[PDB]
């Protein structure tokens, strides 16, 4: 089941932000992360092939505990729940970012994004 890679794209890939401000509150609803309100979530932007390539040496190095780390940097956006309360309406602060990413590959497909690096 590639459903884990599928759930990855759904939680972490947005090919082109439209604009990356707080108005997070949308893509988090459009993506089904608001019951309960997902506390932090990051979208990678840009072309897929590139994010996919983190899955070999062509853009990836082993990291921590069997997680890969990208060699290149990606435009990224981090949505942080604001207000502390777990229930919609979900209000989010956006943070654009540009840096490399940490992921988990399984049979060469992304299936996880390590969110800790954006929690800062």
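Residue numbers count along the first chain shown, from 1.
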Does the entry skip any residues of the deposited sequence between residue 23 and residue 24, and if so, is it 1 to 3, 4 to 9, or 10 or more, or none at all?
1 to 3
So, looking at the entry's B-factor column for Cα atoms, which has the higher mean, 53-61 or 73-81?
53-61
Of 30-38 and 82-90, the one with larger mean CA B-factor:
82-90
Third assignment of residue 108 from its chain's C-alpha B-factors:
highest
Please rank the C-alpha B-factors of the chain's modelled residues and tell me whether residue 68 sits in the lowest, middle or highest third.
middle
